[PDB]
Each structure stands twice: as structure tokens, then as C-alpha cells.
């Protein structure tokens, strides 16, 4: 059995599927400049990739959430994140501070999920 890939470029594939597992690349925001908007955009991008890969939000296994400024933005992150999640079905998660590839990026989230 072989890995399959979704949205491949020279650096990464947006998703790699292997058996019943889905590995997503860290997703970054769209055009939003603020933390709330950026978190919404990251999570929307994750939701679409889960769909494309045969998974869904209820089948997320783990999320690592990277914040440029964890002290400043943790509460906003949690607000948007908890809304977006399916009720009673939150995944494992780890939230830490790390600078991302562009200084305007405030949040990036990496998800592993189960195929349905």
C-alpha cells in the first residue's frame, strides 16, 4: 500500500494519505491580518483538506497550533477554535509559540486525522 498525495508542489503536499491516516501540511491564513480572521482562515483551509482527503472535522486525531505570540493571541485562538470544533468532539492538541515563515502570519495549524 502506497501513500497518496493532494496538492503537491516542489516543497510539500497539502495532504498525504496513508491507509486510514491523513497528514496535513501546516495551514496558514488567507488574507486576514488579525488573529481572529487568520484563525478562521486556517481552520477553513483545514476543513477543505479534510474533505478532499476523505476525512472530516469529527475525525481529527491531533492538532499542533503554532502562535507567533502565544501570550497575546491564545484567547482569540481558543475563541475561534472552540466554535469551529464539532461539539463534544475535540481532538488532542498542543499549542506553542513559534515564529512562522512570514512575520505577518500569526497562526498556523498542523492536523493529523482519520479517514472515514
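Positions refer to the first chain, counted from 1.
- On average the C-alpha atoms of 83-91 have higher B-factors than those of the other stretch, with 61-69 and 83-91 being the two compared.
- Higher average CA B factor: 29-37, of the stretches 29-37 and 45-53.
- Ranked by C-alpha B-factor against the other modelled residues of its chain, residue 9 falls in the highest third.
- Ranked by C-alpha B-factor against the other modelled residues of its chain, residue 99 falls in the middle third.
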